[PDB]
Every structure is written in C-alpha cells, then in structure tokens.
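Just one chain follows, in the form deposited without the RNA, and it is written as structure tokens.
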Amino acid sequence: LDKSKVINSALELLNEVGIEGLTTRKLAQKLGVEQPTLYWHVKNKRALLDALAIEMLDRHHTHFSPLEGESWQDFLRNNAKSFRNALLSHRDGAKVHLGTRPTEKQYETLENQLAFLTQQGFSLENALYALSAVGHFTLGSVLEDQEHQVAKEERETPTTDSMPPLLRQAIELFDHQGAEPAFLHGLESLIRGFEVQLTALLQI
C-alpha cells in the first residue's frame, strides 16, 4: 500500500476509463480501499494527474537529456519523438501532461538541455524558443490524435463522398498513413527552420 502501487493502479485505471472518468472514488475501489486512506497518497484529482504525468515521462521519456556528441538536431528530434511516446503511452495521455510544471528532480535535466543547446550555438533565448516549439508542437499533435480518437465514437459516421478533390486526396492520404508522418515532417521542419537561422543562410 505505497505510493507506487497507487500510481500503477491509477495508470491501469486511466486506460480503462480515460481521464474524464478517472476519479479518486474509482481508484479506491480498484484498490479495495477506503477513500480517506487513498487521500494520503493523492490529495485530489489534479495531484493525481501530476503524479501520473511524472510516471509516464519517467517510464517512457527515455531521451529526456541530451547525449554523447549527439548533434543538437539529433537531440531535438530524438527528444520530441521520445516525448511523443510518453504522451501516447496511455489513454488521454496528452491531456494528463497538459499544464504540468516540472518538479525540482527534473530541474537539472532542463538545465543541461539549455546548456547543451547554448554550447552548440544557440543564444539562451533561441534555445528556449527551439525547445518550446518542439514541445508545444509534439503535445498539440498527440492532444488532437487522442481527442479525435474519442470523438469519432461520439459522432455519426463521416460525410466524405461530398468532399472536393484536394480535400478528398488529403483524406485518403490521412486514412492510409495516420498521424505519424505529419508529426515527423513538422518535427524536421522545426529543426530545419532553426538550422537556417543558426546558419545565417538568409542573412545580409
């Protein structure tokens, strides 16, 4: 009956009910426990969500820190991907991570991210803008994926044979491929946009 069982069960519970239907009541039932006893481990539903975010990053965000003589591009690419994995790891995973601030045990890891990017050419400012851009892009991708995943079941089936040519092309494209390709292109796009600034390709 420690903090770690509570969190493993919460994670199992998240998969079975999603975030809207996750409650301390249901978690206490899953555990065969009185609601009070659970309170000591999680005060309320947002503390719970913060803890679940933390577990997910900790289990599945394997490229949290830069690495080796890995380039800044490799890091940003590998960091985005790995983060996306964390957000996809559970039902409504992105929504759980949404609006979570890093704890102090995370502060150091954030520090050598910045330091790594500044040691490799970026101003602090641009390093922030770069990390910010990959992060918000990655989160928004997963957030919509997971949301449309849910919505499709709460809606009448789609009126597709009706769409004009290019939009219909797009739709068949999407159906064949899913979301990942879009994610990868947007990710490369960001990295490349920062390459061009850093490279002074378009200067005078």
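Residue positions are given as counts along the sequence shown, with the first one as 1. Here the rigid core means the biggest group of C-alpha atoms that line up within 1.5 Å when the two forms are laid on top of each other.
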Flanks modelled, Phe174 absent in at least a third of other entries: yes
Coordinates absent for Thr138 in a third or more of other entries: no
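Unshown form deposited with the RNA bound; subsequent notes refer to it.
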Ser65, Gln35, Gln149, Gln169 - the one with a heavy atom within 4.5 Å of the RNA in the entry with it bound: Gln35
Region of this chain that lies against the RNA in the entry with it bound, out of 24-32, 66-74, 140-148, 52-60 [heavy atom, 4.5 Å]: 24-32
The RNA contact in the entry with it bound: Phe174, any heavy atom under 4.5 Å: no
In the entry with it bound, residues of 37-54 near the RNA [heavy atom within 4.5 Å]: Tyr39, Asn44, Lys45
Residue among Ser82, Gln106, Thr118, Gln73 whose Cα moves 2 Å or more between this form and the one not shown, once the rigid core is superposed: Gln106
